[PDB]
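Everything below belongs to start23.cif, which stores mmCIF, C-alpha atoms.
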```cif
data_start
loop_
_atom_site.label_atom_id
_atom_site.label_comp_id
_atom_site.auth_asym_id
_atom_site.auth_seq_id
_atom_site.Cartn_x
_atom_site.Cartn_y
_atom_site.Cartn_z
CA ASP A 1 -40.14 -91.41 95.32
CA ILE A 2 -36.83 -91.69 97.10
CA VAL A 3 -35.24 -88.31 97.49
CA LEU A 4 -31.47 -88.22 97.27
CA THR A 5 -29.63 -85.27 98.79
CA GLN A 6 -26.01 -84.52 97.97
CA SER A 7 -23.62 -82.34 99.95
CA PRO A 8 -21.71 -80.26 99.38
CA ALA A 9 -23.16 -78.52 96.32
CA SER A 10 -19.60 -77.81 95.25
CA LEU A 11 -16.14 -78.58 96.47
CA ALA A 12 -12.82 -77.05 95.44
CA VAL A 13 -9.74 -79.11 96.10
CA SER A 14 -6.04 -79.03 95.46
CA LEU A 15 -4.45 -81.50 93.07
CA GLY A 16 -3.30 -84.52 95.08
CA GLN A 17 -5.63 -83.87 98.03
CA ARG A 18 -8.53 -85.99 99.31
CA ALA A 19 -12.11 -85.22 98.28
CA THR A 20 -15.15 -86.83 99.95
CA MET A 21 -18.81 -86.21 99.39
CA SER A 22 -22.17 -87.29 100.76
CA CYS A 23 -25.33 -88.82 99.28
CA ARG A 24 -28.22 -89.31 101.74
CA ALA A 25 -31.49 -91.06 100.82
CA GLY A 26 -34.72 -90.18 102.50
CA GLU A 27 -35.63 -93.87 102.56
CA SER A 28 -33.51 -96.99 102.53
CA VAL A 29 -32.29 -98.13 99.11
CA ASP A 30 -31.01 -101.51 100.21
CA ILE A 31 -31.89 -104.82 98.61
CA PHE A 32 -31.02 -107.73 100.94
CA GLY A 33 -28.40 -105.56 102.62
CA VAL A 34 -26.89 -104.15 99.40
CA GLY A 35 -27.41 -100.46 98.61
CA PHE A 36 -28.75 -100.00 95.07
CA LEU A 37 -26.94 -96.68 95.02
CA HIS A 38 -24.60 -95.78 92.16
CA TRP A 39 -22.15 -92.94 91.45
CA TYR A 40 -21.64 -91.16 88.16
CA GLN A 41 -19.06 -88.66 87.04
CA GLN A 42 -20.26 -86.00 84.59
CA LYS A 43 -17.39 -84.12 83.01
CA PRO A 44 -18.18 -80.76 81.46
CA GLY A 45 -20.13 -81.16 78.22
CA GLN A 46 -20.14 -84.96 78.45
CA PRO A 47 -22.70 -87.62 79.41
CA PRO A 48 -22.59 -89.17 82.86
CA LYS A 49 -20.00 -91.86 83.33
CA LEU A 50 -20.49 -94.79 85.75
CA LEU A 51 -17.87 -94.93 88.53
CA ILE A 52 -19.35 -97.24 91.16
CA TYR A 53 -22.40 -99.50 91.35
CA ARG A 54 -24.23 -100.88 94.37
CA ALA A 55 -22.46 -98.54 96.73
CA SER A 56 -18.88 -99.83 96.60
CA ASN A 57 -18.17 -101.78 93.42
CA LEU A 58 -15.87 -100.05 90.97
CA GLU A 59 -16.72 -100.40 87.31
CA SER A 60 -13.82 -101.83 85.33
CA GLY A 61 -11.51 -99.08 84.11
CA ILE A 62 -12.22 -96.79 87.07
CA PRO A 63 -8.97 -96.22 89.00
CA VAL A 64 -8.69 -97.35 92.59
CA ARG A 65 -8.34 -93.80 93.82
CA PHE A 66 -12.15 -93.87 93.73
CA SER A 67 -14.11 -95.69 96.43
CA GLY A 68 -17.61 -95.70 97.92
CA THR A 69 -19.20 -96.70 101.17
CA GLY A 70 -22.63 -96.98 102.58
CA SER A 71 -25.85 -98.93 102.89
CA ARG A 72 -29.45 -97.98 103.72
CA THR A 73 -29.56 -94.20 103.59
CA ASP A 74 -26.11 -92.69 104.06
CA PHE A 75 -23.53 -93.02 101.29
CA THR A 76 -20.08 -91.55 100.61
CA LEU A 77 -17.88 -91.15 97.51
CA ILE A 78 -14.15 -90.78 98.13
CA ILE A 79 -11.53 -89.59 95.66
CA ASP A 80 -7.95 -89.75 96.87
CA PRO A 81 -5.77 -88.47 95.40
CA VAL A 82 -7.77 -85.98 93.30
CA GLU A 83 -6.32 -85.65 89.79
CA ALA A 84 -6.91 -83.08 87.05
CA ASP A 85 -9.10 -85.48 85.10
CA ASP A 86 -11.59 -85.53 87.96
CA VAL A 87 -13.12 -82.13 87.28
CA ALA A 88 -16.81 -82.91 87.03
CA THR A 89 -20.17 -82.94 88.70
CA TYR A 90 -20.69 -86.19 90.69
CA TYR A 91 -24.16 -87.68 90.95
CA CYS A 92 -25.66 -90.45 93.02
CA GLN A 93 -28.61 -92.44 91.68
CA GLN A 94 -30.80 -95.14 93.28
CA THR A 95 -32.33 -98.02 91.34
CA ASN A 96 -33.87 -99.70 94.38
CA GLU A 97 -37.22 -98.63 93.06
CA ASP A 98 -38.96 -96.84 90.24
CA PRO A 99 -38.90 -94.08 89.59
CA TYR A 100 -35.09 -93.93 89.45
CA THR A 101 -33.92 -90.77 91.15
CA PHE A 102 -30.74 -88.78 91.25
CA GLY A 103 -29.10 -86.50 93.82
CA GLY A 104 -28.58 -82.81 93.02
CA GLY A 105 -24.86 -83.20 92.21
CA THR A 106 -21.58 -82.22 93.85
CA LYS A 107 -19.49 -80.04 91.54
CA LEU A 108 -15.81 -80.75 91.98
CA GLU A 109 -13.33 -78.07 90.94
CA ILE A 110 -9.63 -77.91 91.32
CA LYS A 111 -8.12 -74.77 92.81
CA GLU B 1 -18.21 -101.98 71.62
CA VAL B 2 -21.53 -101.03 73.16
CA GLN B 3 -22.55 -97.73 71.58
CA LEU B 4 -25.48 -95.32 71.72
CA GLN B 5 -25.70 -92.76 68.91
CA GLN B 6 -28.17 -89.95 69.44
CA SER B 7 -29.60 -87.56 66.83
CA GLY B 8 -28.32 -84.05 66.44
CA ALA B 9 -29.19 -80.79 68.14
CA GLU B 10 -32.60 -79.28 67.68
CA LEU B 11 -33.57 -75.58 67.63
CA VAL B 12 -37.36 -75.37 67.43
CA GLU B 13 -40.10 -72.94 68.37
CA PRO B 14 -42.69 -72.92 71.15
CA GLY B 15 -45.59 -75.25 70.43
CA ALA B 16 -43.67 -77.48 68.08
CA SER B 17 -42.74 -81.11 68.53
CA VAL B 18 -39.44 -82.97 68.20
CA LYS B 19 -38.65 -86.65 67.90
CA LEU B 20 -35.17 -87.65 69.13
CA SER B 21 -33.50 -90.96 68.19
CA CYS B 22 -31.03 -93.22 70.04
CA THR B 23 -29.49 -95.92 67.86
CA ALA B 24 -27.75 -98.82 69.63
CA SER B 25 -24.97 -100.99 68.39
CA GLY B 26 -23.08 -103.77 70.08
CA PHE B 27 -26.20 -105.31 71.60
CA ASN B 28 -29.84 -105.96 70.78
CA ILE B 29 -32.07 -103.27 72.36
CA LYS B 30 -34.61 -106.04 73.00
CA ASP B 31 -32.23 -107.17 75.76
CA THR B 32 -32.55 -103.81 77.48
CA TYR B 33 -34.98 -101.26 78.87
CA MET B 34 -34.10 -98.04 77.02
CA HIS B 35 -34.23 -95.15 79.47
CA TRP B 36 -34.44 -91.44 78.80
CA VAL B 37 -32.99 -88.78 81.10
CA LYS B 38 -33.48 -84.99 80.99
CA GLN B 39 -30.94 -82.39 82.05
CA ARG B 40 -31.82 -78.70 81.92
CA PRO B 41 -28.93 -76.21 81.56
CA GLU B 42 -27.05 -75.77 84.84
CA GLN B 43 -29.26 -78.44 86.38
CA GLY B 44 -29.36 -82.06 87.44
CA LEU B 45 -30.46 -85.32 85.93
CA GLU B 46 -34.12 -86.24 85.80
CA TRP B 47 -35.57 -89.63 84.87
CA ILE B 48 -38.36 -89.39 82.24
CA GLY B 49 -39.19 -93.05 81.83
CA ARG B 50 -38.31 -96.09 79.75
CA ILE B 51 -39.41 -98.53 77.08
CA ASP B 52 -39.00 -102.32 76.88
CA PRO B 53 -38.34 -102.70 73.14
CA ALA B 54 -39.20 -106.42 73.35
CA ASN B 55 -42.87 -105.61 73.76
CA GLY B 56 -43.22 -101.80 73.43
CA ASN B 57 -44.18 -101.33 77.10
CA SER B 58 -43.27 -97.90 78.41
CA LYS B 59 -43.30 -96.25 81.82
CA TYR B 60 -43.49 -92.48 82.34
CA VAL B 61 -43.06 -90.35 85.49
CA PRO B 62 -46.40 -88.52 85.99
CA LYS B 63 -45.01 -85.09 85.15
CA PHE B 64 -43.99 -86.24 81.64
CA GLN B 65 -47.21 -88.01 80.77
CA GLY B 66 -48.82 -86.54 77.64
CA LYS B 67 -45.57 -84.60 76.99
CA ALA B 68 -43.14 -87.46 76.31
CA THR B 69 -43.77 -90.52 74.19
CA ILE B 70 -41.10 -93.20 74.09
CA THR B 71 -41.12 -95.76 71.29
CA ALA B 72 -38.73 -98.24 69.71
CA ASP B 73 -38.08 -99.86 66.33
CA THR B 74 -36.26 -103.10 66.86
CA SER B 75 -35.61 -103.57 63.13
CA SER B 76 -33.26 -100.55 63.27
CA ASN B 77 -32.17 -101.12 66.87
CA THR B 78 -33.38 -97.61 67.73
CA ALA B 79 -35.29 -95.98 70.60
CA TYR B 80 -37.14 -92.68 70.29
CA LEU B 81 -38.28 -89.84 72.50
CA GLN B 82 -41.04 -87.58 71.15
CA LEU B 83 -41.82 -84.31 72.98
CA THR B 84 -44.91 -82.27 71.97
CA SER B 85 -46.29 -78.77 72.70
CA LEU B 86 -42.81 -77.60 73.49
CA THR B 87 -42.16 -74.81 75.98
CA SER B 88 -38.90 -73.29 77.29
CA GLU B 89 -39.09 -75.74 80.18
CA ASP B 90 -38.29 -78.42 77.59
CA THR B 91 -34.94 -76.81 76.75
CA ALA B 92 -32.48 -79.42 77.85
CA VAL B 93 -30.07 -82.15 76.91
CA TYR B 94 -31.78 -85.55 76.59
CA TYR B 95 -29.84 -88.77 77.17
CA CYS B 96 -30.63 -92.41 76.42
CA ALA B 97 -29.16 -95.27 78.44
CA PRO B 98 -29.83 -99.07 78.33
CA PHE B 99 -30.45 -101.16 81.43
CA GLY B 100 -30.58 -104.97 81.16
CA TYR B 101 -29.07 -108.27 82.32
CA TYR B 102 -26.84 -109.00 79.34
CA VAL B 103 -25.64 -105.48 78.64
CA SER B 104 -25.75 -103.18 81.71
CA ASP B 105 -27.06 -105.22 84.63
CA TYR B 106 -26.25 -103.12 87.74
CA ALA B 107 -26.56 -99.47 86.79
CA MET B 108 -26.36 -97.34 83.63
CA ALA B 109 -22.87 -98.13 82.34
CA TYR B 110 -23.59 -96.87 78.82
CA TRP B 111 -24.91 -93.47 77.79
CA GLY B 112 -25.58 -91.76 74.49
CA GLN B 113 -23.80 -88.47 73.95
CA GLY B 114 -27.02 -86.54 74.55
CA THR B 115 -29.27 -84.48 72.29
CA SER B 116 -29.68 -80.78 73.00
CA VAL B 117 -33.14 -79.34 72.39
CA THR B 118 -33.54 -75.56 72.41
CA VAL B 119 -37.00 -74.04 72.46
CA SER B 120 -37.25 -70.37 71.44
CA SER B 121 -38.46 -68.04 68.73
#
```
Rewritten as structure tokens:
Amino acid sequence: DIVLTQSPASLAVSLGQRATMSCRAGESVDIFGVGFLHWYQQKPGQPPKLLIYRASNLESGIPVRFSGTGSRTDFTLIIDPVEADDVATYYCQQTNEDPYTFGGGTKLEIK
Amino acid sequence: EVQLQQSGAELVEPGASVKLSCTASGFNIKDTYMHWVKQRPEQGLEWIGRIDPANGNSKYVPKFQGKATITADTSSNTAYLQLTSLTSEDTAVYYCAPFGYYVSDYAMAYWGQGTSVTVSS
């Protein structure tokens, strides 16, 4: 199955600063050029929440301070500016192929 | 709205079984694969498998075969996850999430609130 690796394991940022994080796939997750790589926000004690699908498409209701890039194997989630609501663990997931797999998470904290 | 309502926390002993429910509203579960995801405390998300409620066809990752049984009852728009011969490794929050063209076509946009299962004497 396609292993997803996220870095860093945790990140502490100041309110208003830029946060960026990595999701790398051990095999390509593209379908006709589009990465079937999605990003979820999991706030403490809550279920995951979809932020971005197919690498760079924001779900409606997600503010534009969130963005994503990437194709094939190397993906990036960007949050700028970071706001207090954004405390959470961020996960990438691929649905290019069964079984669906998830990265290990990047835990975002505000200092 | 699209909603997923999961059953309440469980506190059970080693060797027992539990059957968790995920009731959908706002859409027909026959329009969606119903997926189940495991999260141990302090840990990440793990896919268990899914059911197609339209025909009862499930898929299971090898490590959950014989452990997890996923079923559905379309007359009550509900999906189920049964876990047997429980050990402490089964202590986790379990989430359901639909995936399907007319409801959540790209990723998992909708999640139940999760059901915590605790396995201990």
- [ ] Pull out every residue that the PyMOL selection byres ((chain A) within 7 of (chain B)) matches in the shown coordinates and put them as a list in words.
- [x]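 Selected by the PyMOL selection byres ((chain A) within 7 of (chain B)) here: residues 38, 46, 47, 49, 50, 53, 99, 100, 101, 102, 104 and 105 of chain A.
Taking only C-alpha atoms into account, residue 7 in chain A lies nearest to A:92 out of the set A:64, A:37, A:55, A:92.
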- [ ] Run the PyMOL selection byres ((chain A and resi 70-86) around 6) on the file and write out the hits as a PyMOL selection string.
- [x] chain A and resi 15-25+28-30+35+65-69+87-88
Atoms to include: C-alpha atoms. Write the selected residues as a PDB file, in the coordinates of the input.
```pdb
ATOM      1  CA  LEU A  15      -4.450 -81.500  93.070  1.00  0.00           C
ATOM      2  CA  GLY A  16      -3.300 -84.520  95.080  1.00  0.00           C
ATOM      3  CA  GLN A  17      -5.630 -83.870  98.030  1.00  0.00           C
ATOM      4  CA  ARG A  18      -8.530 -85.990  99.310  1.00  0.00           C
ATOM      5  CA  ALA A  19     -12.110 -85.220  98.280  1.00  0.00           C
ATOM      6  CA  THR A  20     -15.150 -86.830  99.950  1.00  0.00           C
ATOM      7  CA  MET A  21     -18.810 -86.210  99.390  1.00  0.00           C
ATOM      8  CA  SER A  22     -22.170 -87.290 100.760  1.00  0.00           C
ATOM      9  CA  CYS A  23     -25.330 -88.820  99.280  1.00  0.00           C
ATOM     10  CA  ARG A  24     -28.220 -89.310 101.740  1.00  0.00           C
ATOM     11  CA  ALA A  25     -31.490 -91.060 100.820  1.00  0.00           C
ATOM     12  CA  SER A  28     -33.510 -96.990 102.530  1.00  0.00           C
ATOM     13  CA  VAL A  29     -32.290 -98.130  99.110  1.00  0.00           C
ATOM     14  CA  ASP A  30     -31.010-101.510 100.210  1.00  0.00           C
ATOM     15  CA  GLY A  35     -27.410-100.460  98.610  1.00  0.00           C
ATOM     16  CA  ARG A  65      -8.340 -93.800  93.820  1.00  0.00           C
ATOM     17  CA  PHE A  66     -12.150 -93.870  93.730  1.00  0.00           C
ATOM     18  CA  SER A  67     -14.110 -95.690  96.430  1.00  0.00           C
ATOM     19  CA  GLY A  68     -17.610 -95.700  97.920  1.00  0.00           C
ATOM     20  CA  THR A  69     -19.200 -96.700 101.170  1.00  0.00           C
ATOM     21  CA  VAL A  87     -13.120 -82.130  87.280  1.00  0.00           C
ATOM     22  CA  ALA A  88     -16.810 -82.910  87.030  1.00  0.00           C
TER      23      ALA A  88
END
```
Open item on the list: To one decimal place in Å, what is the distance between CA of residue 99 in chain B and CA of residue 1 in chain B?
Closed with: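 Going from CA of residue 99 in chain B over to CA of residue 1 in chain B, I get 15.7 Å.
The closest residue to residue 87 in chain B, picked from B:5, B:33, B:66, B:121 and counting all atoms listed in the file, is B:121.
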Task: Separation of CA of residue 115 in chain B from CA of residue 108 in chain A, in Å and rounded to one decimal - done: 24.1 Å
Task: Contacts of residue 32 in chain B within 7 Å, only C-alpha atoms, excl. fewer than 5 positions in-chain, as number ranges by chain - done: B: 52, 98-100
TODO: Would you mind reading off the distance between CA of residue 109 in chain A and CA of residue 89 in chain A, one decimal, in Å?
DONE: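 Going from CA of residue 109 in chain A over to CA of residue 89 in chain A, I get 8.7 Å.
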Open item on the list: Can you translate the PyMOL selection byres ((chain B and resi 75-82) around 8) into the concrete residues it hits in this file, as number ranges by chain?
Closed with: B: 17-25, 28-29, 34, 36, 53, 67-74, 83-84
- [ ] Check the smallest atom-to-atom distance from each of B:62, B:41, B:26, B:56 to residue 102 in chain B using all atoms listed in the file, then report the winner.
- [x]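 Distance minimum relative to residue 102 in chain B lands on B:26.
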